[PDB]
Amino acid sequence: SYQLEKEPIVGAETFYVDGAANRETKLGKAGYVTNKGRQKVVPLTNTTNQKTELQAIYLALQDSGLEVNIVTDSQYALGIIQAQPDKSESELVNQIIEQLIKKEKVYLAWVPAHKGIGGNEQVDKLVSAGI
């Protein structure tokens, strides 16, 4: 019930997402930074990096118009969303799936972590602080 655009969507806002989890305390943050100065950071308790990365995307999907460009450094989350499942065993993923269906156009790009990608580093620096 959804598909990913092969190209960045002209006119749409670019959401740089990221997550961070502390392995001992299970504490993590998830959020985004956009090319338009929009930001969000949420707190999460009892969690993993994977989950925080998915949560960041959920945030980006929730706080965006009918058209989005999303760039993530999560191969894990890219995997799930590119697989285009109809239903998952994960509550968080099911929430993401239905968000994507609500959208006119969705573009999801992958970028490597800590390689100087401005938007990625910006959002990393925010979610990493205190973890």
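From 1 onward, residues are counted along the sequence shown.
Q: Regarding 91 to 99 and 71 to 79, which shows the higher C-alpha temperature factor on average in the entry?
A: Looking at the record's C-alpha B-factors, the answer is 91 to 99.
Q: On average, which has the higher Cα B-factor in the deposited entry, 44 to 52 or 61 to 69?
A: Looking at the record's C-alpha B-factors, the answer is 44 to 52.
Q: Give the position of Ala30 by CA B-factor within its chain, expressed as the lowest, middle or highest third.
A: Middle third of the chain for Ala30's C-alpha B-factor.
Q: Ranked by Cα temperature factor within the chain, is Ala113 in the lowest third, the middle third or the highest third?
A: Middle third - that is where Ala113 ends up once the chain's C-alpha B-factors are sorted.
Q: For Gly11, return the chain-relative third of its C-alpha B-factor as stated in the PDB record: lowest, middle or highest.
A: Its C-alpha B-factor belongs to the lowest third of this chain's values.
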